There are 4 protein chains.
Amino acid sequence: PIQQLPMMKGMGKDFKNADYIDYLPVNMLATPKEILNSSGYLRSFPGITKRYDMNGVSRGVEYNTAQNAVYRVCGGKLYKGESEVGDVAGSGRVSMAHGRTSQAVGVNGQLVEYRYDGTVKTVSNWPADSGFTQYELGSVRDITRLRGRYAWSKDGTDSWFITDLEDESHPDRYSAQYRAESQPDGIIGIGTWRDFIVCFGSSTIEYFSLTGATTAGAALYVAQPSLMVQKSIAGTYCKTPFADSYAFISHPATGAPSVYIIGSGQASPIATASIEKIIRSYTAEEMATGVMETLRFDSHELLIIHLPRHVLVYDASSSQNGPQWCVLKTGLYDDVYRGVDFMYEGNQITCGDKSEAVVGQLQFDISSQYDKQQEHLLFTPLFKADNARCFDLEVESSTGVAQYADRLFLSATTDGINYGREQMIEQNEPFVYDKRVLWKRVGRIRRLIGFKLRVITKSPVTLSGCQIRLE
Amino acid sequence: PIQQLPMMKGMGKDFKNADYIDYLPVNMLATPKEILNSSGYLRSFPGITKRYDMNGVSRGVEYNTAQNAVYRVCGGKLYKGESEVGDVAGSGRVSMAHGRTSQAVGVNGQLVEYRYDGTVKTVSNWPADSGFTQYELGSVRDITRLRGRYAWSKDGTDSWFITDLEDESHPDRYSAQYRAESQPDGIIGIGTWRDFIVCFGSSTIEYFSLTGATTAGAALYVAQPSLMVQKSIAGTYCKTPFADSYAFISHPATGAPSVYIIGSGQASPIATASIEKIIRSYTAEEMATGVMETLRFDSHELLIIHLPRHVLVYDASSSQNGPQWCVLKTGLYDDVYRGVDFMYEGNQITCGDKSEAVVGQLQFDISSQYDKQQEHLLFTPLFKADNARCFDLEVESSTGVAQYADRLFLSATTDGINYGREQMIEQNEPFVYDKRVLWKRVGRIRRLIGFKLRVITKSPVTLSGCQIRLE
Amino acid sequence: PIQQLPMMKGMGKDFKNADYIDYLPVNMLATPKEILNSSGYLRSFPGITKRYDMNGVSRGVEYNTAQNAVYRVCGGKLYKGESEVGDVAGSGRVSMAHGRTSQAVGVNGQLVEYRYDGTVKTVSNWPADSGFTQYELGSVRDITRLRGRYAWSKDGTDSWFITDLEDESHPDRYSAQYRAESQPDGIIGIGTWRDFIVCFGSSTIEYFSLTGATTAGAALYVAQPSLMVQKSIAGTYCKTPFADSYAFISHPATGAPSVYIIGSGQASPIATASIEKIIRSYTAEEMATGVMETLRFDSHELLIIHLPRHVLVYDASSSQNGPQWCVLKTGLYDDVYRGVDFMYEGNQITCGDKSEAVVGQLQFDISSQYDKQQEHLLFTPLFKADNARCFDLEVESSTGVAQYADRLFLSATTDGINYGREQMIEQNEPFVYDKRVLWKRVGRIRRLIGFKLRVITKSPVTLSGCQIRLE
Amino acid sequence: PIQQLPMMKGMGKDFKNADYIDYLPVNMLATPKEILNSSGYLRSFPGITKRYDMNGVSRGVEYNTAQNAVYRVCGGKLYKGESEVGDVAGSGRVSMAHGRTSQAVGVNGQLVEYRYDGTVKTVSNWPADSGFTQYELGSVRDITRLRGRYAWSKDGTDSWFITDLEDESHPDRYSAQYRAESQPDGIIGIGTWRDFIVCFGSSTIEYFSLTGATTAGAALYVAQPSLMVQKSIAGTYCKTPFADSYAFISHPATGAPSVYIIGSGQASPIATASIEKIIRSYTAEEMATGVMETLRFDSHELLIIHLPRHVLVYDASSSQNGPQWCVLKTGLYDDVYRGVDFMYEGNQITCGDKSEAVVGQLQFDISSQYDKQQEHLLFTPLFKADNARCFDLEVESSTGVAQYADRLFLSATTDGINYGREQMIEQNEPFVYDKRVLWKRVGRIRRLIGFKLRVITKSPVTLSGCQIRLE
């Protein structure tokens with residue numbers, strides 16, 4: 001009785017809560033492609049190779065459409081491409097909003113514009129003798145640009161401003177004060193949808209649109225109640241464009257945090273039970289510092305979430321049978337993924353580093369990260385067979401490019417928490433394309449069994465449909 | 001013939017009316033997850049552990065978005081998290097509506113605002129010498145906030161007011177009187193949905209929205225007839241947000257009360273026959289005092305109803321095959337669940353207590369409440385087998401988190417009302433993860449049979465698909 | 001066990017990345033027709049025969065509706081049908097926009113109009129003494145016509161202009177400056193859809209419509225935000241009408257480039273994983289120079305993409321089971337397809353040439369291109385058969401139009417990358433209409449097998465359902 | 001194994017291109033009726049019998065609603081039913097547009113109105129001394145009427161006019177010039193849909209509707225961009241009403257011509273591959289002269305296309321399994337169908353003649369045309385049977401009215417192009433209603449076989465489900 005075993009999502013218990021939890025694939029990306037005898041094949045995450053050095057750790061990335069080059073802020077220097085093009089202060093994550101005449105990075109509570117000719121100007125009130133309206137700027141939290149104006153929100157308050165059209169340094173001449181007052185919620189983050197200035201409050205999401213008013217003093221932007229979403233973003237950087245909309249992480253006010261996607265003025269969950277438990281496992285301040293972003297290559301639509309001790313990835317194209325989350329990791333143990341701030345420039349993707357002061361470019365023919373080994377895990381779900389035997393256990397591997405015949409550790413559990421002996425089986429062979437990963441004499445499934453495939457290698461691993469002969 | 005038995009909803013007779021009624025699972029939450037050989041597993045409700053003390057019993061909870069902390073009114077003293085800010089009179093349940101410059105709690109018929117700098121002001125008419133319009137405020141019943149205004153309804157009348165923008169203590173300067181006059185129904189409760197002030201009456205649910213009028217004396221809020229719902233809330237606190245809308249309990253005016261959800265200006269029932277019989281079992285005054293609320297943890301979307309002698313819970317995520325209701329209870333006998341006013345703050349949920357003067361935080365690795373044993377029930381539906389025999393009765397359990405090998409009492413009925421001998425079978429074993437709960441030699445199903453699984457424990461119980469070998 | 005083998009899309013590994021990739025049919029067009037025992041038959045691309053000569057290589061084509069004849073710009077000379085109707089400078093690809101009173105070709109950064117009476121005029125500002133508004137025209141990138149006006153976009157800037165109604169040479173009298181300022185994205189290309197002037201930015205797509213204003217100085221065109229598409233075109237010529245809309249290649253700013261189609265203000269992908277990997281294999285500049293166009297004949301609605309080293313073709317009518325891409329090629333080795341700028345005029349299609357200074361007309365009864373042999377490839381997908389034997393391998397071919405009895409080289413692989421011995425089987429016989437292409441004694445499939453059908457001929461090859469007797 | 005053979009559409013090869021093409025039923029109309037053991041029965045086209053004579057060949061037909069009689073223009077003489085009213089010059093096809101006070105026929109580039117009282121007036125500009133606006137009428141191409149105005153298009157230009165309400169001879173007093181300027185396409189034809197004047201161009205299909213303007217000089221008709229269709233009619237008379245819309249043939253400007261139907265501002269193809277191959281087999285001028293029209297009788301919705309060497313018919317009601325086209329023909333060889341300009345008047349349909357100077361009325365109890373024999377063909381699709389035998393070959397015929405026991409020629413092919421021996425089997429017997437058309441001992445199918453049923457008769461032939469005992 002040849003029975004197939006899925007590997008796109010593994011199951012198991014949780015030894016603290018005693019609840020069934022999803023054992024997620026690690027450093028793998030399920031690809032819905034009709035492979036051999038199965039409907040999909042697991043593909044290892046692309047490796048990282050150092051493109052060139054950089055000052056400090058990475059703090060932000062933005063693809064400047066105006067200059068057709070990527071501006072990356074690492075450490076304390078606003079690197080454009082590879083050449084340093086300015087001095088930036090601070091050490092925390094900073095949000096940027098590129099413009100046609102100036103590239104800006106909201107840092108240390110002030111919106112700093114790095115003009116394209118070299119000079120640097122900071123947002124401040126119009127001069128008192130000028131005669132234009134004077135505001136109370138406060139501290140800048142998040143920024144965005146839409147129709148030649150920079151929109152930023154005062155820190156700790158629901159008010160947001162817009163710059164003048166003529167002189168971008170100062171805010172608008174007469175009407176530059178706007179409030180997301182539909183609820184008493186402070187603006188955690190701001191952004192730009194299709195043509196709307198969203199305002200991600202601590203408990204609500206509002207959409208603002210230009211009214212086209214001409215008379216001085218008239219409110220340029222008017223709220224669009226019909227598009228309001230009754231959720232929020234947990235932290236300042238827990239939002240990102242994803243599939244022609246913004247995904248985010250619900251703020252604890254509305255309830256237990258959970259991933260979401262805005263659709264037609266409504267929030268739809270895309271986080272499984274295990275993902276929501278993992279997110280809930282964090283404290284408020286730790287989870288607020290998390291940042292999420294979008295990465296796209298091959299056929300996948302990733303939504304990478306950079307939590308302090310986890311790096312969750314949502315693969316939209318592989319969600320045919322349900323949400324598909326893979327936990328990326330760096331190193332042999334449970335360390336956090338080093339890659340951060342992925343952006344696609346020119347030919348190949350480039351990513352920052354959380355620990356080292358380097359920038360890495362994704363390379364698809366290897367899985368090593370900065371010339372180091374990495375761990376790829378695959379768990380099959382628990383299935384109940386009583387007094388049965390299993391002998392043939394074959395997984396199709398795309399044997400090929402490699403540096404050594406890196407063997408995989410294959411182990412099986414019986415209670416779904418702790419595992420048995422680790423059996424070593426060759427998975428790749430350098431420059432051999434027809435090896436089969438086959439193990440015989442698995443044994444007797446007494447009550448339950450779950451197989452964990454663990455591969456330690458510097459070369460891509462492509463595991464396909466898992467065949468077991470449950471005789 | 002290994003035949004499975006569902007446990008998400010038990011069925012049986014009712015010895016008073018002789019009607020078939022749903023025997024609901026007690027202190028369990030069905031989770032639609034594909035586990036082993038079943039499509040879902042029953043999970044015990046999380047236990048309650050005392051976080052710290054409080055003065056008196058809990059009377060209200062509301063997550064203050066402005067201050068990013070939860071304000072809880074226990075006994076006669078208002079609490080902001082651990083610290084105490086304010087004294088609140090009365091003894092009954094109180095409705096709160098947080099504001100950006102003041103936290104308010106409508107109590108004893110007057111809307112009392114607790115300003116954030118320490119001072120306390122109460123809503124009253126503008127001074128006579130001021131010159132602004134004088135109203136007849138009357139007694140305050142329910143309150144809400146929307147766009148910087150507090151909306152409260154005069155007790156025993158369909159009129160509701162709004163406070164001034166400049167000075168929030170007094171009502172609006174010129175236009176502060178509004179009526180839900182579409183029907184001769186008094187406003188039982190008020191609330192805010194999106195940008196709409198609801199006006200839950202006794203036969204209708206009217207919706208209002210800002211008209212944006214500028215001239216003095218013009219009605220700021222205008223009725224939206226197209227969204228009217230022809231039902232009502234039975235009591236002042238029988239409403240709550242749920243799935244981007246308000247659920248409620250129908251007022252007896254429109255017919256027998258039943259749990260409803262508002263959708264696109266229409267009420268759709270979500271209460272089964274048994275739930276609505278239980279609701280109808282109460283008198284008008286008793287069922288009016290019931291309070292209902294929303295709790296969201298893990299992936300479930302609970303809708304907890306606090307009836308005087310029952311605590312019904314609607315699990316939205318587990319309603320795939322139909323509405324799923326579980327009756328929570330505290331203690332070994334039919335006492336009412338002590339947990340009340342659940343709110344998620346920071347990392348972990350916190351709940352008040354109906355009897356003691358404490359606050360409890362939900363803990364997921366135990367099921368004990370304030371270090372006390374609790375009872376979990378699971379009923380399988382009645383099924384007709386004639387002259388058949390059943391031997392194997394296995395219920396997969398997630399053993400391992402416990403303090404003692406708490407055994408379960410397994411009993412089977414024959415007429416669906418009263419049960420037979422109670423058999424004790426070990427359910428958990430402390431820190432053993434592969435125990436099976438198996439019973440052989442069940443007996444002969446003569447005409448009908450129904451199994452009641454009863455667990456008394458201080459640790460979580462996770463029961464899965466129940467199979468019986470009806471040979 | 002006679003088992004059929006699809007050939008509409010071949011599948012296999014990739015020896016560099018070790019990833020499974022689609023082996024696309026080469027010089028084939030799947031036709032969804034119920035043929036004999038199969039649901040579709042593979043049809044060779046029509047051949048190319050030299051209609052007449054031309055000066056230089058082909059640079060553009062446009063079917064002039066006003067004169068009901070095709071205008072083709074080859075080399076440095078503009079051609080109308082057979083005749084030479086003006087001199088055009090430059091060497092790169094040129095975009096044209098035919099008009100009722102002039103045929104124009106935006107070349108070398110200036111919009112040059114070739115009036116129908118012989119004279120040539122170039123767009124320039126109105127004379128200073130005229131009194132009309134003076135603009136900063138800059139360099140012309142892309143052009144289009146709509147309601148008697150020529151719309152062109154300033155190179156390296158998001159501004160686009162419109163010509164005057166009375167005198168088409170100069171821009172509009174008072175209002176001729178328009179900007180796609182919704183984002184800081186430069187306009188990569190312009191076009192006309194329905195009555196809208198699109199503006200393909202480097203990161204966004206905007207739709208413009210006439211406002212019908214009469215007063216002087218009022219903006220004739222107003223942006224239509226509701227139709228915005230949040231994607232972009234890779235290069236100036238990476239767009240074309242396709243199925244009552246524009247398809248394109250995504251700019252690298254929004255992520256990895258991938259072929260898209262605009263629908264109801266939303267971009268829907270039509271590129272499989274292999275296609276977008278092939279597209280990503282190119283650098284930014286190389287992929288910018290790519291040009292794509294639409295060709296429609298028989299039942300196929302092709303979307304031909306002219307990449308520097310590949311010619312991908314999307315067959316809209318054959319996408320029943322998923323996107324269908326065929327890689328056209330010229331010569332025995334991997335050279336790029338010579339045919340370029342296809343247009344249907346009169347009775348038969350005509351196409352330019354990338355290398356020679358000739359124009360070819362598509363001829364359907366041959367597959368030779370300019371009297372040369374061409375290669376047609378067909379790959380069957382990899383399928384897992386263990387210890388099985390295959391004897392009968394038959395493909396139905398429509399025989400008879402050939403010149404000589406051309407033969408096909410049939411080979412089978414075992415690892416999906418490199419192939420075995422090439423077996424030669426007669427496929428057509430000149431003027432015999434009932435030959436069967438049958439091969440016996442294929443052999444034993446050890447682990448995997450994939451058949452490559454390679455035909456070298458000067459006559460059309462029509463291969464139908466492939467049956468293999470996997471005994 | 002009694003296996004049924006469809007006859008609604010036949011399959012075969014094409015000896016020139018070697019492509020599989022549809023062998024269409026000839027002079028037959030598939031009727032989707034559940035007959036005996038089959039889902040439909042083939043019915044011969046109704047025959048033509050001479051009602052009375054006429055002068056010259058037929059050039060146009062239009063059912064005059066105002067006079068409740070059909071006006072037919074044959075040769076150089078205009079006819080109203082039997083009687084002869086007007087005199088018409090020219091020799092080519094003429095477009096008519098009936099009016100309440102005048103019947104008009106656009107001929108020789110001038111719109112000529114035949115008033116109902118006998119006088120004849122031609123459209124010309126208003127007299128110079130009158131004072132009304134003077135236009136440049138030019139040559140008339142196509143005409144239509146809507147709300148008391150005649151709309152005609154200037155030949156070789158996209159401008160169209162409308163006549164005055166008071167005096168219909170001259171165009172409108174102040175506003176009679178209108179342009180389909182959305183594209184630089186000349187108006188190939190004009191027509192009226194509901195209350196819209198279409199302006200069928202050479203690359204677009206623009207619409208127009210009355211604006212209801214009252215002031216002199218205001219444009220009465222304003223464009224409706226939202227209904228624009230981005231296709232065109234190949235020739236002046238390649239359009240006709242069909243199923244509450246206009247079907248047409250695509251102009252070569254947009255690609256290869258193909259029969260289309262306009263729906264909700266979008267063109268949907270209804271032409272199979274073989275139909276558009278037949279259409280494309282014509283040159284531009286030849287296919288431009290084609291005229292297409294609608295005929296509706298019984299349950300069929302015919303859409304007859306009169307191409308120079310083919311007469312294609314689309315039967316809408318029989319398109320359940322896909323488009324259904326039958327090629328009508330006159331005579332034993334490939335001559336073109338003589339019937340033209342079908343119109344239903346009174347009790348029975350009447351049709352003109354392409355060659356003779358007569359008018360024929362359709363008669364349903366015969367298939368002879370003007371007392372001549374006609375040929376009906378039926379091809380079964382090619383199906384692959386190897387080493388099989390077929391003995392019983394029965395087709396259900398509705399034997400009945402006839403003049404002689406007209407036998408059918410039944411032949412079978414082996415390569416799908418050329419056929420074998422013609423076997424003669426009695427199909428009808430005069431005055432006998434229970435004959436069966438049965439042939440035994442068909443033979444052995446070496447690889448492929450296709451049966452061609454050919455009937456030469458002067459009486460209707462009704463062939464039903466064809467069964468073959470493939471033993």
# chains A, B, ... in the order shown; residues from 1 in each chain; ligands from 1

$ calpha_fit_rmsd --fixed "chain A" --moving "chain B"
0.2 Å

$ interface_residues --of "chain A" --to "chain B" --cutoff "9 Å" --atoms "only C-alpha atoms" --output "count of residues only"
55

$ select_by_dssp --residues "stretch 24-149 of chain A" --states "strand (DSSP E or B)" --output "PyMOL selection string"
chain A and resi 26+28-31+35+38+41-44+47-53+58-64+69-74+77-80+83-87+95-98+102-107+110-115+120-122+140-145

$ residues_around --residues "residue A:326" --least-positions-apart "2" --cutoff "6 Å" --atoms "only C-alpha atoms" --output "number ranges by chain"
A: 24-26, 312-313

$ write_last_selection --atoms "C-alpha atoms" --output "mmCIF file, in the first residue's frame"
data_model
loop_
_atom_site.group_PDB
_atom_site.id
_atom_site.type_symbol
_atom_site.label_atom_id
_atom_site.label_comp_id
_atom_site.auth_asym_id
_atom_site.auth_seq_id
_atom_site.Cartn_x
_atom_site.Cartn_y
_atom_site.Cartn_z
ATOM 1 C CA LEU A 24 6.380 24.511 9.962
ATOM 2 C CA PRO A 25 8.933 23.815 7.227
ATOM 3 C CA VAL A 26 12.216 25.597 7.904
ATOM 4 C CA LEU A 312 7.833 33.993 9.519
ATOM 5 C CA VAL A 313 7.225 33.915 5.766
#

$ residues_around --residues "stretch 72-78 of chain C" --least-positions-apart "2" --cutoff "6 Å" --atoms "only C-alpha atoms" --output "compact mmCIF listing (two decimals) with C-alpha atoms, in the first residue's frame"
# COMPACT_ATOMS: atom_id res chain seq x y z
CA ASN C 55 16.66 49.30 -46.54
CA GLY C 56 18.20 48.22 -43.24
CA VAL C 57 16.68 46.18 -40.45
CA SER C 58 13.11 46.64 -39.24
CA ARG C 59 12.50 49.13 -36.44
CA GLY C 60 8.71 49.46 -36.21
CA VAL C 61 5.32 48.70 -37.71
CA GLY C 86 10.18 59.61 -46.43
CA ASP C 87 13.54 59.65 -44.65
CA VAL C 88 13.90 58.72 -40.97
CA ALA C 89 17.07 59.17 -38.93
